[PDB]
Amino acid sequence: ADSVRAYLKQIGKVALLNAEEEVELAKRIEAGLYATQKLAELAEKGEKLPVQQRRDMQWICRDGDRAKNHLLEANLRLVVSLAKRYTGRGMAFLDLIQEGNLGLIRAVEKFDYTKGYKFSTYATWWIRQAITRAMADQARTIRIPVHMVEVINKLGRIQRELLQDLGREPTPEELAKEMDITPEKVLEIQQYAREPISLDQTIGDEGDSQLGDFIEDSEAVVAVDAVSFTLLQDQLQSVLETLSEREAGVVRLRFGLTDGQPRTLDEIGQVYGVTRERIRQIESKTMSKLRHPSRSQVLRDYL
Amino acid sequence: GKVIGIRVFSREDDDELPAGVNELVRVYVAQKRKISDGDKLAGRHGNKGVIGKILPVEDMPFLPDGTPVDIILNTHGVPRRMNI
Amino acid sequence: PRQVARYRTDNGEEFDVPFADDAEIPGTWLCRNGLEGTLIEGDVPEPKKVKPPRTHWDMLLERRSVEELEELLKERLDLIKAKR
Amino acid sequence: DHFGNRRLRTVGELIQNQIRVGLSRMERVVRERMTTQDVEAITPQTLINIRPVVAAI
DNA sequence: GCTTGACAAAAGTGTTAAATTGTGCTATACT
């Protein structure tokens with residue numbers, strides 16, 4: 001019927017461990033890693049080992065991995081008991097659990113049986129950190145680096161504390177002072193904290209229309225402009241006719257009317273085979289010719 | 001219409017605007033709406049209807065005083081419907 | 001102006017990626033397949049980051065000295081021998 | 001059911017009920033906070049996070 | 001109608017110093 005129900009029915013099958021069992025599995029795991037590394041190093045160093053012993057070490061690995069899997073499957077309950085507290089914060093319960101299990105896996109990889117501390121003591125750190133670190137990396141549709149998620153929560157903490165002391169929402173100055181940062185920074189920070197809204201929401205009454213329907217596509221073509229723009233190209237064509245054959249081409253290349261990419265004086269002078277200063281001189285005269293009332297009066301309307 | 005008032009909320013002037021907002025101004029425009037053909041009139045008895053036309057006061061059914069009538073209402077209330 | 005470069009994916013699929021004639025041609029290209037592809041002609045100079053991802057062995061070596069591990073392995077082996 | 005069985009919440013009353021949700025869930029936060037927090041090292045200000053209260057109204 | 005050398009601004013390019021960003025970690029016990 002329900003999935004989260006199923007996961008619990010299976011982890012509940014595994015038998016919890018006592019302090020003594022944890023160390024034994026811990027030992028078997030470390031023996032499994034060293035045994036596996038020893039076999040790999042001996043081939044690198046051109047060394048051999050007793051046949052029977054070498055085959056014994058290989059089995060140490062099979063027993064080591066069973067220890068690793070067994071250790072995890074026992075403390076899965078601990079992951080859930082920690083994952084309950086972070087529900088409703090923008091992350092599905094299961095996702096919290098799985099991320100907790102990821103943290104749990106690392107704890108097993110770094111746990112130390114020689115310290116004599118109960119396993120749950122050191123695993124809670126990693127499992128806890130694994131979940132929190134996950135939320136900062138996944139809870140927001142627009143991701144924010146953990147350090148920024150870190151400061152945002154710190155600011156909200158100061159805000160909530162300052163809110164409780166003063167009896168009024170602390171201003172950017174009060175909030176910046178207590179946090180030892182510029183008021184403009186807290187403002188820039190307060191902009192980052194905002195989360196997006198759903199276009200598929202229904203702002204119209206009784207589902208008359210979703211919110212997305214009211215969004216303009218400002219990039220869409222404007223029919224009247226595409227026609228005026230087309231008439232402007234045609235009108236410039238005539239204006240180009242009044243200029244010199246070479247003089248018209250210089251204006252085209254200088255602004256890129258023909259190929260759509262402008263050209264510097266040198267490049268323009270390179271196609272006409274003259275100095276880059278000569279092109280500068282020619283262009284200036286074209287503009288003067290273009291500013292003449294006869295040639296220029298027609299194009300003012302196009303602003 | 002005409003512009004009545006303007007409310008300017010700046011940032012230099014401390015004020016208090018949502019994060020990022022520098023200046024906030026609102027303009028209030030008023031309009032004097034003459035009763036125009038198409039508007040919806042109605043009495044207190046549920047009778048309602050639009051303004052189909054507005055005749056000059058000259059060509060309007062007027063009493064012997066020369067006192068023109070203001071509005072001409074057809075007999076909406078069919079029998080049984082009443083609207084007494 | 002268009003340069004036509006072909007990359008080869010690990011699974012065996014090939015892709016054509018048009019580039020500009022003037023610009024440099026990369027040696028590896030993120031392809032439609034979703035995998036990295038090496039170009040066929042032009043030499044690769046592929047400077048692999050060569051960052052070895054941290055493994056469980058690295059986390060164990062930094063707490064157990066090889067001697068402590070050797071002693072543990074003897075305990076385990078002396079234990080398996082006894083079981084026989 | 002019957003017509004007379006209608007109660008009719010007044011403005012002040014249905015406002016109070018919304019406060020109940022704010023206070024009750026505020027106590028649900030203080031219960032969790034006091035266990036993890038060190039004893040005598042916490043005060044009403046540290047245990048009380050009125051966010052669900054103000055956000056409720 | 002064109003070019004020269006000056007000069008400048010503007011555009012790049014290589015070399016460095018912040019800053020930004022991602023990952024690892026925290027050992028009473030806690031299932």
# chains A, B, ... in the order shown; residues from 1 in each chain; ligands from 1
>>> residues_around(residues="residue 81 in chain A", least_positions_apart="2", cutoff="12 Å", atoms="only C-alpha atoms (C1' of nucleotides)", output="PyMOL selection string")
(chain A and resi 8+75-79+83-87+93+96-97+100-101+120+124+127-128) or (chain E and resi 30-31)
>>> write_last_selection(atoms="C-alpha atoms (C1' of nucleotides)", output="PDB file, in the first residue's frame")
ATOM      1  CA  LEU A   8      10.518  -0.025   7.925  1.00  0.00           C
ATOM      2  CA  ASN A  75      21.953   0.554  12.574  1.00  0.00           C
ATOM      3  CA  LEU A  76      19.434   1.436   9.844  1.00  0.00           C
ATOM      4  CA  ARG A  77      16.957   2.163  12.643  1.00  0.00           C
ATOM      5  CA  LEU A  78      19.295   4.878  13.932  1.00  0.00           C
ATOM      6  CA  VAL A  79      19.201   6.584  10.528  1.00  0.00           C
ATOM      7  CA  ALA A  83      15.514  11.391   9.752  1.00  0.00           C
ATOM      8  CA  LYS A  84      12.131  11.925  11.442  1.00  0.00           C
ATOM      9  CA  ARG A  85      13.128  15.375  12.713  1.00  0.00           C
ATOM     10  CA  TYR A  86      13.885  16.904   9.292  1.00  0.00           C
ATOM     11  CA  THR A  87      10.556  16.162   7.592  1.00  0.00           C
ATOM     12  CA  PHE A  93      11.133  11.625   4.240  1.00  0.00           C
ATOM     13  CA  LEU A  96      16.310  12.178   4.108  1.00  0.00           C
ATOM     14  CA  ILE A  97      16.583   8.498   5.070  1.00  0.00           C
ATOM     15  CA  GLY A 100      21.191   9.389   6.219  1.00  0.00           C
ATOM     16  CA  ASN A 101      22.208   5.920   5.051  1.00  0.00           C
ATOM     17  CA  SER A 120      25.715   5.092  17.896  1.00  0.00           C
ATOM     18  CA  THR A 124      24.961  10.142  14.890  1.00  0.00           C
ATOM     19  CA  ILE A 127      24.195  10.593   9.843  1.00  0.00           C
ATOM     20  CA  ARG A 128      23.173  14.018  11.154  1.00  0.00           C
TER      21      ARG A 128
ATOM     22  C1'  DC E  30      20.996   7.957  21.097  1.00  0.00           C
ATOM     23  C1'  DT E  31      18.262   2.385  16.893  1.00  0.00           C
TER      24       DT E  31
END
>>> interface_residues(of="chain A", to="chain E", cutoff="9 Å", atoms="only C-alpha atoms (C1' of nucleotides)", output="ChimeraX atom specification")
/A:16,74-81,111-112,115-126,129,145-147,274-275,277-278
>>> write_last_selection(atoms="N, CA, C and O atoms", output="CSV table (one decimal), in the first residue's frame")
chain,number,residue,atom,x,y,z
A,16,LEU,N,19.4,-5.7,16.4
A,16,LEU,CA,20.3,-4.7,16.9
A,16,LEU,C,21.5,-5.4,17.5
A,16,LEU,O,21.5,-6.6,17.9
A,74,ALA,N,22.2,-3.2,10.7
A,74,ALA,CA,21.8,-3.2,12.1
A,74,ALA,C,21.4,-1.8,12.5
A,74,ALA,O,20.4,-1.7,13.3
A,75,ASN,N,22.2,-0.8,12.1
A,75,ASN,CA,22.0,0.6,12.6
A,75,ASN,C,21.0,1.4,11.6
A,75,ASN,O,21.0,2.6,11.8
A,76,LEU,N,20.4,0.7,10.7
A,76,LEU,CA,19.4,1.4,9.8
A,76,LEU,C,18.3,2.1,10.7
A,76,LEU,O,17.9,3.2,10.3
A,77,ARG,N,17.9,1.5,11.8
A,77,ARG,CA,17.0,2.2,12.6
A,77,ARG,C,17.5,3.5,13.1
A,77,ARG,O,16.7,4.5,13.1
A,78,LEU,N,18.7,3.6,13.5
A,78,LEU,CA,19.3,4.9,13.9
A,78,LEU,C,19.1,6.0,12.9
A,78,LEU,O,18.8,7.1,13.2
A,79,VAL,N,19.4,5.6,11.6
A,79,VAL,CA,19.2,6.6,10.5
A,79,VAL,C,17.8,7.1,10.5
A,79,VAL,O,17.6,8.3,10.4
A,80,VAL,N,16.8,6.3,10.6
A,80,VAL,CA,15.4,6.7,10.6
A,80,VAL,C,15.1,7.6,11.8
A,80,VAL,O,14.5,8.6,11.7
A,81,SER,N,15.5,7.1,13.0
A,81,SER,CA,15.2,7.9,14.2
A,81,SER,C,15.8,9.3,14.1
A,81,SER,O,15.3,10.3,14.7
A,111,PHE,N,34.6,4.5,11.6
A,111,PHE,CA,34.5,4.1,13.0
A,111,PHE,C,35.8,3.5,13.5
A,111,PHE,O,36.5,2.8,12.8
A,112,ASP,N,36.0,3.7,14.8
A,112,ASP,CA,37.2,3.1,15.5
A,112,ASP,C,36.8,2.3,16.7
A,112,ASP,O,36.4,2.9,17.7
A,115,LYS,N,38.6,3.0,20.4
A,115,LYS,CA,38.3,4.1,21.3
A,115,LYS,C,37.3,3.6,22.3
A,115,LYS,O,37.1,4.3,23.3
A,116,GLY,N,36.6,2.5,22.1
A,116,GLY,CA,35.7,2.0,23.1
A,116,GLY,C,34.4,2.7,23.3
A,116,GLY,O,33.6,2.4,24.2
A,117,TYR,N,34.1,3.6,22.4
A,117,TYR,CA,32.8,4.3,22.4
A,117,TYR,C,31.8,3.5,21.7
A,117,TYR,O,32.0,2.9,20.7
A,118,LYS,N,30.5,3.6,22.2
A,118,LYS,CA,29.4,2.9,21.5
A,118,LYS,C,29.3,3.5,20.1
A,118,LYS,O,29.5,4.7,19.8
A,119,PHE,N,28.9,2.6,19.2
A,119,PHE,CA,28.9,3.0,17.8
A,119,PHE,C,27.9,4.1,17.5
A,119,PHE,O,28.2,5.1,16.8
A,120,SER,N,26.7,4.0,18.1
A,120,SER,CA,25.7,5.1,17.9
A,120,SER,C,26.2,6.5,18.2
A,120,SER,O,25.8,7.5,17.7
A,121,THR,N,27.2,6.6,19.1
A,121,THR,CA,27.8,7.9,19.5
A,121,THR,C,28.4,8.5,18.3
A,121,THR,O,28.2,9.7,18.0
A,122,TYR,N,29.3,7.8,17.6
A,122,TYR,CA,30.0,8.4,16.5
A,122,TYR,C,29.2,8.4,15.2
A,122,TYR,O,29.5,9.2,14.3
A,123,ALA,N,28.2,7.5,15.1
A,123,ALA,CA,27.4,7.4,13.8
A,123,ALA,C,26.4,8.6,13.8
A,123,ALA,O,26.1,9.1,12.7
A,124,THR,N,25.9,9.1,14.9
A,124,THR,CA,25.0,10.1,14.9
A,124,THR,C,25.5,11.4,14.2
A,124,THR,O,24.8,12.1,13.6
A,125,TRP,N,26.8,11.7,14.5
A,125,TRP,CA,27.5,12.8,13.8
A,125,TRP,C,27.3,12.7,12.3
A,125,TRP,O,26.8,13.6,11.7
A,126,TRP,N,27.9,11.6,11.7
A,126,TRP,CA,27.9,11.5,10.3
A,126,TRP,C,26.4,11.5,9.7
A,126,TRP,O,26.1,12.2,8.7
A,129,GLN,N,25.1,15.0,9.9
A,129,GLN,CA,25.7,15.9,9.0
A,129,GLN,C,25.3,15.5,7.5
A,129,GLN,O,25.1,16.4,6.7
A,145,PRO,N,25.1,27.2,-2.6
A,145,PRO,CA,26.2,26.5,-1.9
A,145,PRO,C,26.0,26.5,-0.4
A,145,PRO,O,25.3,27.4,0.2
A,146,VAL,N,26.5,25.4,0.2
A,146,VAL,CA,26.2,25.2,1.6
A,146,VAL,C,26.7,26.4,2.4
A,146,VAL,O,26.0,26.8,3.4
A,147,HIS,N,27.8,27.0,2.0
A,147,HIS,CA,28.3,28.2,2.8
A,147,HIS,C,27.3,29.3,2.8
A,147,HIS,O,27.1,30.0,3.8
A,274,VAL,N,43.9,50.3,-48.6
A,274,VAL,CA,44.4,51.6,-48.3
A,274,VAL,C,44.6,51.6,-46.8
A,274,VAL,O,44.2,50.7,-46.0
A,275,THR,N,45.2,52.7,-46.3
A,275,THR,CA,45.5,52.9,-44.9
A,275,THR,C,44.2,52.9,-44.1
A,275,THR,O,43.1,53.1,-44.6
A,277,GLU,N,43.7,55.0,-41.7
A,277,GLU,CA,43.4,56.4,-41.6
A,277,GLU,C,42.5,56.9,-42.8
A,277,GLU,O,41.6,57.6,-42.6
A,278,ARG,N,42.9,56.4,-44.0
A,278,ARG,CA,42.1,56.8,-45.1
A,278,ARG,C,40.7,56.4,-45.0
A,278,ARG,O,39.7,57.2,-45.4
>>> residues_around(residues="range 185-190 of chain A", least_positions_apart="6", cutoff="12 Å", atoms="only C-alpha atoms (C1' of nucleotides)", output="PyMOL selection string")
(chain A and resi 144+147-156+158-159+170-179) or (chain B and resi 17-22)
>>> atom_distance(atom1="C1' of residue 15 in chain E", atom2="CA of residue 42 in chain C")
29.4 Å
>>> select_by_dssp(residues="chain C", states="strand (DSSP E)", output="list in words")
residues 3, 4, 5, 6, 7, 8, 9, 14, 15, 16, 17, 18, 19, 28, 29, 30, 36, 37, 38 and 39 of chain C
>>> select_by_dssp(residues="chain D", states="helix (DSSP H, G or I)", output="JSON, numbers by chain")
{"D": [11, 12, 13, 14, 15, 16, 17, 18, 19, 20, 21, 22, 23, 24, 25, 26, 27, 28, 29, 30, 31, 32, 33, 34, 35, 36, 44, 45, 46, 47, 51, 52, 53, 54]}
>>> residues_around(residues="range 56-61 of chain C", least_positions_apart="5", cutoff="7 Å", atoms="only C-alpha atoms (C1' of nucleotides)", output="compact mmCIF listing (two decimals) with N, CA and C atoms, in the first residue's frame")
# COMPACT_ATOMS: atom_id res chain seq x y z
N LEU A 33 39.96 -5.01 4.72
CA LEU A 33 40.59 -3.99 3.89
C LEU A 33 42.09 -4.22 3.78
N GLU A 109 32.87 3.33 7.68
CA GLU A 109 34.19 3.37 7.09
C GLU A 109 35.22 4.06 7.98
N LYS A 110 34.78 4.93 8.89
CA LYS A 110 35.69 5.67 9.75
C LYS A 110 35.59 5.31 11.23
>>> interface_residues(of="chain C", to="chain A", cutoff="12 Å", atoms="only C-alpha atoms", output="list in words")
residues 54, 55, 56, 57, 58, 59, 60, 61, 62, 63, 64, 65, 66, 67, 68, 69, 70, 71, 72, 73, 74, 75, 76, 77, 78, 79, 80, 81 and 84 of chain C
>>> interface_residues(of="chain A", to="chain D", cutoff="12 Å", atoms="only C-alpha atoms", output="short mmCIF file (atom, residue, chain, number, x, y, z; two decimals) with N, CA and C atoms, in the first residue's frame")
data_model
loop_
_atom_site.label_atom_id
_atom_site.label_comp_id
_atom_site.auth_asym_id
_atom_site.auth_seq_id
_atom_site.Cartn_x
_atom_site.Cartn_y
_atom_site.Cartn_z
N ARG A 85 13.16 13.99 12.25
CA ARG A 85 13.13 15.38 12.71
C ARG A 85 13.23 16.39 11.59
N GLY A 156 18.85 34.30 9.73
CA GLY A 156 17.53 34.04 10.29
C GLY A 156 17.58 33.75 11.78
N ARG A 157 18.66 33.11 12.24
CA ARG A 157 18.81 32.87 13.67
C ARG A 157 18.99 34.18 14.43
N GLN A 159 18.12 37.15 13.33
CA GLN A 159 16.83 37.81 13.19
C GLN A 159 15.85 37.34 14.26
N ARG A 160 15.67 36.02 14.36
CA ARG A 160 14.73 35.47 15.33
C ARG A 160 15.13 35.83 16.75
N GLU A 161 16.44 35.81 17.05
CA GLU A 161 16.90 36.20 18.37
C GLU A 161 16.72 37.70 18.59
N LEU A 162 17.18 38.52 17.64
CA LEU A 162 16.96 39.96 17.74
C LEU A 162 15.47 40.28 17.79
N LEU A 163 14.66 39.52 17.06
CA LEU A 163 13.22 39.73 17.10
C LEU A 163 12.67 39.50 18.51
N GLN A 164 13.22 38.52 19.22
CA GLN A 164 12.73 38.20 20.56
C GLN A 164 13.22 39.19 21.60
N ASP A 165 14.37 39.83 21.37
CA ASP A 165 14.90 40.77 22.34
C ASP A 165 14.27 42.15 22.21
N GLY A 167 11.52 43.04 20.46
CA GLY A 167 10.08 43.11 20.26
C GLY A 167 9.67 43.71 18.94
N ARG A 168 10.61 43.92 18.02
CA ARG A 168 10.32 44.42 16.69
C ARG A 168 11.34 43.84 15.72
N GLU A 169 10.90 43.61 14.49
CA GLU A 169 11.78 43.06 13.47
C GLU A 169 13.03 43.94 13.34
#
>>> atom_distance(atom1="CA of residue 268 in chain A", atom2="CA of residue 293 in chain A")
27.3 Å
>>> residues_around(residues="range 11-28 of chain D", least_positions_apart="5", cutoff="6 Å", atoms="only C-alpha atoms (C1' of nucleotides)", output="list in words")
residues 52, 53 and 56 of chain D
>>> atom_distance(atom1="CA of residue 50 in chain B", atom2="CA of residue 38 in chain B")
5.3 Å
>>> closest_residue(among="D:9, D:41, D:35, D:3", to="chain E", atoms="only C-alpha atoms (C1' of nucleotides)")
D:35
>>> residues_around(residues="residue 8 in chain C", least_positions_apart="2", cutoff="12 Å", atoms="only C-alpha atoms (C1' of nucleotides)", output="PyMOL selection string")
chain C and resi 5-6+10-17+27-33+35-41+44
>>> residues_around(residues="residue 75 in chain B", least_positions_apart="6", cutoff="12 Å", atoms="only C-alpha atoms (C1' of nucleotides)", output="ChimeraX atom specification")
/B:47,81-84
